[PDB]
Amino acid sequence: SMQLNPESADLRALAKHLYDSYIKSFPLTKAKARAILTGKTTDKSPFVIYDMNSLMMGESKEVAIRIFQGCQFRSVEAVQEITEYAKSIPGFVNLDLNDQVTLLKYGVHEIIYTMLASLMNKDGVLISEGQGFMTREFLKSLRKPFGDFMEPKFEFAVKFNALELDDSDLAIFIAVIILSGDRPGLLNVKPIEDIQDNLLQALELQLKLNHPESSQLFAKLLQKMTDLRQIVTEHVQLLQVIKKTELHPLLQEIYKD
Ligand SMILES: O=C(NCc1ccc(NS(=O)(=O)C2CC2)cc1C(F)(F)F)c1ccc2c(ccn2Cc2cccc(F)c2)c1
């Protein structure tokens, strides 16, 4: 932040641009989520699924299957949302279409887990764009091996939510994730890394401006990009299981290779 000059003003314009398209691409923001989770919102208070009884009034193996079929459904519409946003990242549509598909191939699950944290508190998660709330302990209590399917998310979210990012912060963060230069099968790492470096400059200036009394928030955020890789691997391992135990075409395209 040290200087107010043309370079720092471009980085603010890039942050504004990302925020606006974020707001356009993501109906349920962290600000709206935090409002629903605190009772303040105008929107009719969401129904709380906390046991088998409350799940029935909301709508065993059938209870589990149904829940995971919604998570597959919402995850598909979540990929649409994130596709829209990526298109708004200055530069992104000027890379080999192959690289674009790649960057998004490996990106969506990391963003999903990132933005899922926005919908979470200690007690549980907002579902169906804020109309429901499903508790951590209920999800936990589901038949093995689906029973332990969100716990990693809740664990991630607890530590992620303690950073106290807002929508402005997350917009740039989410862009930094999509423009990851280490994804398999990238043709041109240079142009990708080049955009990410500018995004990383915009994030840093954003975190300095937005979190005055917040030590190494930049470093801690970049370390979260490490937690996310690990979480995505552990999901895949869990689905490598369901294959033998018990997805959606576009999720199958992403899980392949
Ligand atoms: O928003 C949902 N889930 C978000 C989500 C996304 C991904 C995941 N994890 S994942 O899939 O592993 C990710 C990598 C791709 C988990 C969730 C979670 F539920 F935990 F929050 C949601 C939940 C229930 C829904 C539906 C749709 C139908 N059900 C039933 C119903 C329950 C209550 C009322 C009702 F009308 C339907 C959608």
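The residues of the chain are indexed from 1 along the displayed sequence. We use all heavy atoms of the structure for the numbers below, so side chains are in, but hydrogens, waters and symmetry mates are not.
- The closest side-chain heavy-atom distance from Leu165 to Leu221 is below 4.5 Å.
- Taking every heavy atom of both residues into account, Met120 and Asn161 meet most closely at O-ND2, 3.5 Å.
- Nearest heavy atoms, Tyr113 versus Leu228: CB-CD2, 4.0 Å.
- Remark: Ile174 CD1 to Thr114 OG1 distance equals 6.5 Å, nearest 0.5 Å.
- Taking a cutoff of 4.0 Å between a charged side-chain nitrogen and a carboxylate oxygen, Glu193 and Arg183 do not qualify as a salt bridge.
- Residues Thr41 and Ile36 have side chains in contact (heavy-atom distance under 4.5 Å, counting atoms from C-beta outward).
- The closest side-chain heavy-atom distance from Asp148 to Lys140 is not below 4.5 Å.
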- Task: Report the C-alpha distance between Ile172 and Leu14 in whole Å, list the side-chain angles of each, state the deciding distance to 0.1 Å, and finish with yes or no for side chain to side chain contact (heavy atoms under 4.5 Å, CB included).
- Result: CA-CA 9 Å; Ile172 318 178; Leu14 180 54; over 6 Å; no
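- Taking every heavy atom of both residues into account, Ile195 and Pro90 meet most closely at CG2-O, 4.0 Å.
- Closest approach of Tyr50 to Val48, counting heavy atoms only: CD2-O, 3.5 Å.
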- Query: Please walk me through it: do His248 and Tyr255 pass side-chain hydrogen bond (donor to acceptor under 3.5 Å, both in side chains)?
  - Reply: CA-CA 10 Å; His248 172 267; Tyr255 288 147; over 6 Å; no
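- Rounding to the nearest 0.5 angstrom, the gap separating the CG atom in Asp51 from the CG atom in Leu55 is 8.5 Å.
- The nearest pair of heavy atoms linking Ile127 to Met134 is CD1-CE, 4.0 Å.
- Under the 4.5 Å side-chain criterion, counting only non-hydrogen atoms from C-beta, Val125 is not in contact with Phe133.
- Contact of the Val79 side chain with the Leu104 side chain is not registered, since no non-hydrogen atoms from C-beta on lie closer than 4.5 Å.
- A 4.5 Å side-chain heavy-atom check between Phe92 and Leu179 finds at least one atom pair inside the cut-off.
- Remark: side-chain polar atoms of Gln131 are not paired, donor with acceptor, to backbone N or O of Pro46 under 3.5 angstrom.
- Counted within 6.0 Å of CD on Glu151, heavy atoms from surrounding residues, nucleotides or ligands total more than 12; the atom is thus considered enclosed.
- When every heavy atom of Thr102 is checked against every heavy atom of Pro184, the shortest pair comes out as CG2-O, 2.9 Å.
- If you look at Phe68 and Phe149, their ring centroids are closer than 6.0 Å.
- Counting heavy atoms from C-beta on, the side chains of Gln196 and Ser180 come closer than 4.5 Å.
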- Could you walk me through whether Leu186 and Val189 pass the side chain to side chain contact (heavy atoms under 4.5 Å, CB included) check? CA-CA 6 Å; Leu186 303 177; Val189 168; 4.3 Å; yes
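- The aromatic rings of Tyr19 and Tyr22 lie parallel to each other, with less than 30° between the two planes, well short of the 60° mark.
- With values rounded to the nearest 0.5 angstrom, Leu18 atom CG is found 12.0 Å from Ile23 atom CD1.
- Within the structure, the ring pair (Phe, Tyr, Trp, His ring centres under 6.0 Å) test picks out no pair touching residues 193-226 (sequence neighbours left out).
- In this structure, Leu116 CG and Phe154 CZ are separated by 7.5 Å, a value rounded to the nearest 0.5 Å.
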- Item | Stepwise side chain to side chain contact (heavy atoms under 4.5 Å, CB included) check, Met52 with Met56 | CA-CA 7 Å; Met52 283 309 169; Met56 298 316 217; 5.7 Å; no
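- Distance alone, capped at 3.5 Å, is enough to place a donor-acceptor pair between the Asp167 side chain and the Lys30 backbone.
- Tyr85 contributes a side-chain N or O that, together with a main-chain N or O of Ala171, makes up a donor-acceptor pair within less than 3.5 Å.
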- Message: Pair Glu84, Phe26 - check side chain to side chain contact (heavy atoms under 4.5 Å, CB included), show working.
- Response: CA-CA 9 Å; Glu84 193 148 66; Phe26 304 117; over 6 Å; no
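- For the pair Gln100 (side chain) and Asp96 (backbone), a donor-acceptor distance under 3.5 Å is absent.
- Interatomic distance, CG of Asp182 versus CE of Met225, reported as 10.5 Å (0.5 Å rounding).
- One hydrophobic cluster, built from ILVMFWY side chains closer than 4.5 Å, cannot hold both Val158 and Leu119; they sit in different ones.
- Residue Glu81 forms a salt bridge (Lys or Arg N to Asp or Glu O under 4.0 Å) with just one option from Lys24, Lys87, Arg74, and that option is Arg74.
- Taking CG of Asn210 as the reference point, atom OG of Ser1 lies at 12.0 Å (rounded to 0.5 Å).
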May I have the list of side-chain donor-acceptor pairs in residues 197-209 shorter than 3.5 Å, sequence neighbours left out?
| residue | atom | partner | partner atom | Å |
| --- | --- | --- | --- | --- |
| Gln206 | OE1 | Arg12 | NH1 | 2.8 |
| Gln206 | OE1 | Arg12 | NH2 | 3.2 |
| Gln206 | NE2 | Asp169 | OD1 | 2.9 |

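- By the 4.5 Å heavy-atom criterion applied to side chains, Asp227 and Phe160 are not counted as neighbours.
- The backbone N or O of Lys190 sits nowhere less than 3.5 Å from a side-chain atom of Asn188 that would complete a donor-acceptor pair.
- At a threshold of 4.0 Å, the pair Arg136-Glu155 counts as salt-bridged, since one of the basic side-chain nitrogens sits closer than that to a carboxylate oxygen.
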